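# Understanding the architecture of this molecule
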Amino acid sequence: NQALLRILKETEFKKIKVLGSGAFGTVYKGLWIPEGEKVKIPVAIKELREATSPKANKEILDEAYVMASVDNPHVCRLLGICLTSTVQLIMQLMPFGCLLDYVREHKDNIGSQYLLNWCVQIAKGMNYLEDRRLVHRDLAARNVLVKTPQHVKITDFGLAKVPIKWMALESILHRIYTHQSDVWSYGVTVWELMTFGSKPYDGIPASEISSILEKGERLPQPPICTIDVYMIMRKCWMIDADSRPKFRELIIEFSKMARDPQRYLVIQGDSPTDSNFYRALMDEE
Amino acid sequence: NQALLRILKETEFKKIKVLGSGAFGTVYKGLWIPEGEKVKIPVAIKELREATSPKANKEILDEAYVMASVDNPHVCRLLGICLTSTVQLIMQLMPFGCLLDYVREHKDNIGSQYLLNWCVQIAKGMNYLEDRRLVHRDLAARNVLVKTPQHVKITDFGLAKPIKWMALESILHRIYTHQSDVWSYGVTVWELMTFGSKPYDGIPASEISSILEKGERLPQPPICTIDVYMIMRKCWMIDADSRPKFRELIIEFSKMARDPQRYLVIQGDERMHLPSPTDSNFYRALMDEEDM
Ligand SMILES: */C=C\C(=O)Nc1cc(Nc2nccc(-c3c[nH]c4ccccc34)n2)c(OC)cc1N(C)CCN(C)C
Ligand SMILES: */C=C\C(=O)Nc1cc(Nc2nccc(-c3c[nH]c4ccccc34)n2)c(OC)cc1N(C)CCN(C)C
């Protein structure tokens with residue numbers, strides 16, 4: 001339990017290069033130097049934006065034990081924390097980056113097998129989070145990290161210290177966050193993957209998204225998506241939260257589609273060797 | 001089978017720094033650059049010193065498929081191969097280096113639990129090779145790599161195509177069996193417990209078979225109780241069938257590893273210790289996710 005979160009000193013790790021930023025702070029590639037050893041181990045470090053208070057630290061640290069306890073192949077685990085003026089969180093470095101940048105850079109030479117399997121894995125990770133009674137609140141393609149092209153993982157859930165175009169209507173109007181609002185964001189996340197990282201509702205300011213949603217408008221059908229896949233997305237954006245699919249169902253339906261991917265995605269152009277190769281070098285779990 | 005060995009292009013990996021040299025060539029720290037991606041993945045690359053023909057390459061490929069097939073937490077697997085004028089072999093990079101160098105450089109901070117656990121793991125890897133009917137032929141502390149200080153893996157077997165680590169029958173008649181590997185295992189354990197001392201330091205290699213036939217053996221390491229040295233001595237019996245099996249060495253060093261200060265007497269053993277579960281989880285999540 002308590003063996004899952006390592007407390008680090010300033011002196012045993014260094015930030016070397018900035019990787020990104022989130023609403024919580026900046027993400028760095030760092031190097032961990034085990035005390036008394038001579039190696040330097042790549043890590044990712046999340047520096048919280050504000051210098052935090054001892055009441056926040058006690059809430060942060062005890063919540064860090066929960067984040068350090070998530071045990072699922074498609075959810076990133078927190079590994080360590082360092083409490084300086086600003087709090088630093090240490091997790092595994094994913095050299096491929098987020099799925100959003102990955103799908104933009106491979107814009108039309110990703111096949112249906114990868115796209116559908118990513119949807120299965122994200123649904124698997126979210127369902128686990130639901131099983132642990134954890135609401136993500138910010139599911140998006142930028143918050144799915146690529147461990148290998150064949151293996152993606154959810155990150156950056158937790159902490160209560162806005163992404164309007166991913167949020168369920170009830171989150172926009174009332175700031176209600178449930179697993180069923182995570183389902184809405186999952187639907188948006190699936191659409192991002194199917195459009196290869198297009199910006200949702202391009203041309204509409206965030207301040208007007210709830211008006212168009214109340215009027216019944218939704219993200220359009222991606223060109224490569226059959227109506228089978230689109231109906232699942234549209235069901236994720238129902239106004240009634242309880243009519244939306246559950247993540248456990250999304251696992252099943254998308255697993256079914258992944259067995260005949262060319263039937264459910266019309267992508268123009270549709271080995272153990274390379275999977276075993278990737279697993280040996282990057283992905284032994 | 002043929003799916004465990006990736007055939008690489010020259011243009012998808014780069015040698016960046018020389019790590020050391022061996023009998024079959026030079027080993028580099030390198031970078032693997034997957035086609036069409038932007039990432040650079042650290043690897044180890046071994047370039048063969050001598051330049052081989054296409055028919056030599058076919059036999060090399062036949063063994064590279066065997067080397068790519070080893071699936072064990074304590075044996076290094078060949079991952080890929082590139083067929084240049086000199087053949088390049090690609091495997092996982094072990095940032096901690098080889099155990100011989102590690103034990104020399106960290107000798108004043110290595111406690112009994114580490115030494116005994118290394119012995120267990122090397123025997124496990126050798127027992128796997130024996131189960132695969134693969135004779136190592138060159139087991140030594142230099143050919144055991146440190147993935148982490150808690151996890152070592154045997155390397156650089158599968159060569160065929162080091163007098164002071166060899167069984168007598170290997171020196172005299174070039175007989176290599178799993179039981180001659182056991183003798184080399186005994187010498188490797190002696191290397192660890194002496195923190196990387198050179199065996200028979202100052203004795204010319206050509207005269208080693210003489211002293212072995214006359215019954216001389218490596219001395220009891222200062223930190224070893226007689227229990228540990230008796231095992232080493234049983235590894236160096238002239239009758240190969242009388243030496244212990246790797247299966248038995250897993251068991252005996254495991255028993256000792258459950259009470260490590262009873263079997264190794266190290267000055268300072270109490271102020272050193274293995275990592276807490278916290279430090280083990282942290283290590284594995286960052287560097288070592290395999291089963292073990
Ligand atoms: C889409 C943004 C992105 O993630 N980019 C990115 C990511 C990583 N690796 C990584 N590893 C562990 C955690 C995280 C992480 C967690 N939360 C966030 C929030 C924002 C960004 C990253 C986050 N990321 C990279 O590793 C090298 C690189 C990378 N990029 C694309 C950096 C920019 N290039 C041009 C150098
Ligand atoms: C004792 C020699 C040694 O292995 N040194 C070493 C090794 C690695 N990593 C590594 N990874 C995969 C394969 C090999 C390997 C296989 N055969 C050989 C033969 C010679 C050298 C290496 C070989 N090695 C290192 O990773 C950074 C470093 C390293 N060194 C140079 C340790 C010396 N320093 C710590 C002073």
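First things first, this report covers the structure right here in the doc. (Residues numbered from 1 in each chain as written, not as in the entry; some residues may be left out. Chains lettered and ligands numbered in written order. Heavy atoms only, no water.)

### Description of the sheet that holds strand β1 (residues 6-7) of chain A
Residue and element names in this part refer to chain A. One open sheet holds the six strands; their spatial order is β1-β5-β6-β4-β3-β2, and the pairing between them is mixed. The open sheet has two edge strands, β1 and β2 (13-22), and neither has a second partner. Taken together, the four bridges between strand β4 (residues 41-48) and strand β6 (residues 87-91) define a ladder with antiparallel strand orientation. Looking at the pairing, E47 lines up with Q88 of β6. Most of the contacts of helix α1 (residues 54-67) go to strand β5 (residues 78-83), to which it runs at about 165 degrees, and overall it touches β1, β4, β5 and β6. (Pairing = 2+ DSSP bridges. Helix = DSSP H or I, 4+ residues; strand = E, 2+ residues; numbered from the N terminus. Contact = heavy atoms within 4.5 Å. Axes fitted to C-alpha atoms, helices over the stretch in contact; angles between N-to-C directions.)

### Points about the interface of chain A and chain B
Many structure descriptions define interface size as the accessible area lost when the parts assemble. Taken together, the contacts link 40 residues of chain A with 38 residues of chain B. With both chains or domains summed, chain A and chain B bury close to 3100 Å², and 64% of this area falls on carbon and sulfur atoms. For the interface between chain A and chain B, the tally reads five salt bridges. The salt bridge involving A:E284 is made with B:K147; its shortest N-O contact spans 2.9 Å. Our count for the chain A to chain B interface comes out at twelve residue pairs in polar contact. (Buried area = accessible area lost by both parts, 1.4 Å probe. Salt bridge = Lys/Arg side-chain N within 4 Å of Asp/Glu carboxyl O. Polar contact = N/O pair within 3.5 Å; in protein donor to acceptor, adjacent residues only side chain to side chain.)

### A word on the nonpolar core
Counting 87 residues, the largest nonpolar core has A:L99, A:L115, A:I122, A:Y186, A:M194 and A:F254 as its most contacted members. With ten residues, the single largest contributor to this core is helix α3 (residues 112-131) of chain A. Beyond its immediate sequence surroundings of up to four residues, A:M194 is in contact with A:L115, A:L116, A:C119, A:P222, A:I224, A:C225, A:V229 and A:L265. Within the second largest apolar cluster, 85 residues are counted, among which are A:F13, B:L99, B:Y200 and B:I250. (Core = buried A, V, L, I, M, F, W, Y, C linked by side-chain atoms within 4.5 Å. Buried < 20%, exposed > 50% of the residue type's maximum accessible area, 1.4 Å probe, protein only.)

### Section: the site of ligand 1
All names here are of chain A. Around ligand 1, the surrounding shell holds 15 residues, and the nearest of these are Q92, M94, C98, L145 and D156. Contact between ligand 1 and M94: a nitrogen atom at 2.9 Å from a main-chain N or O atom of the residue. Measuring from a nitrogen atom of ligand 1, one finds a side-chain N or O atom of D156 at 2.8 Å. With four residues, β2 is the single largest residue contributor to the shell around ligand 1. Both domains that furnish three or more residues to the shell around ligand 1 are identified here as domain 1 (6-91) and domain 2 (97-263). (Near = heavy atom within 4 Å. Domains from an automatic or database assignment.)

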